[PDB]
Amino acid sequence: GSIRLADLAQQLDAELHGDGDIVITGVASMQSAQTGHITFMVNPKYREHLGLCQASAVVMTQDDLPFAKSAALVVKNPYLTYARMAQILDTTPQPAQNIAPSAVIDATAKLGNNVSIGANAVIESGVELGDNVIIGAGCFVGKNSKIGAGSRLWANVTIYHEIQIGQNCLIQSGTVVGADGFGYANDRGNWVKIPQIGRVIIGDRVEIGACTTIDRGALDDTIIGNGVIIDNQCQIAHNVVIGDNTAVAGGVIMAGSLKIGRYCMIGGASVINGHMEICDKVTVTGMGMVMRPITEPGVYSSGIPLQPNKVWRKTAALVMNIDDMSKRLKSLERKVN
């Protein structure tokens, strides 16, 4: 939906320098922007390049203004303003509009105002959908689960039974919330299933990427705090608790009963042991092997990175035989002393 540059600047709390009557149709990268587009500059090295940008307007700082070759929106934080103006001008469609005739909705489900449910979605008994909730095509929402106002599920999302999801969440396709945790007792080598009768509680403003799995708790609950962001294909095991505003990048695997504090950042492909705690304000870099609890804030890392194969072969053999190397060092220390 087009907008006048002056009106866009007002909504962004930005200082307009140029023609307020310019009509902005959408956001584009600096290299792709054309007439009608607004873009942004975060790297002052592109000041000399602005004359090569064909956008109708550019978001920049006060220091950048003398280098402009277009209408400019001056702000303190061009990146944040970019996020805000991309939401104003978002072209992303909704997962559904209205309630599709092919959706199958139990008579006991409770629908709020302005709820949309896509084709062939399945809503179980007792489900409660808040105002403005959107359920994509082909989703399944299990018995008695509740989804808060403004939350949206893309196509082919699976929500099991007794799940609680807060307001203004966003869940991408393929995600499964509330499957059985990996709970079994061993009986003379045979695995005896332990029913998982806990739930999943997801807070407000949670975003979950595609094909992520969040299992329900065994007795008490798996809990996702407010404002948490989770990338694609993470495994959040039963009775994991993730604190508010924590970010979990793609492909992270967590074991059961792990507690992650608030304000943490878990890098992609990390692996985290269970029945332990990570305190607030912890950053684990990508592929971290998290075996022990983390009790102090800060940045933690693991992994021996890539080498040419010929070189790696020796690195690996030497590390595997490092005990012998250690004994040789000690022996030579004694001989010299």
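Heads up, when I say rigid core I mean the largest set of C-alphas that superpose within 1.5 Å between the two forms. Residue indices: 1-based, along the sequence shown.
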Core-aligned Cα RMS comparison in 8 other deposited structures of this protein - stretch that moves more, 268-276 or 58-66: 58-66
81-89 against 67-75 - segment lying farther from this form in 8 other deposited structures of this protein (CA RMS, rigid core fit): 67-75
71-79 versus 223-231 - greater average Cα B-factor per the deposited record: 71-79
Comparing 266-274 with 291-299, the one whose average Cα B-factor in the PDB entry is higher: 291-299
Top Cα B factor in the deposited entry, candidates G256, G189, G178, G166: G189
Member of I197, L111, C211, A119 with the greatest C-alpha B factor (per the PDB record): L111
Where the record places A185 (Cα B-factor, split into thirds across the chain): highest
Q172 by Cα B-factor - lowest, middle or highest third of the modelled chain: lowest
Within-chain third of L52 by Cα B-factor, per the entry: highest
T158, C-alpha B-factor rank within chain (lowest, middle or highest third): lowest
Relative C-alpha B-factor of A28, binned into the chain's lowest, middle or highest third: middle
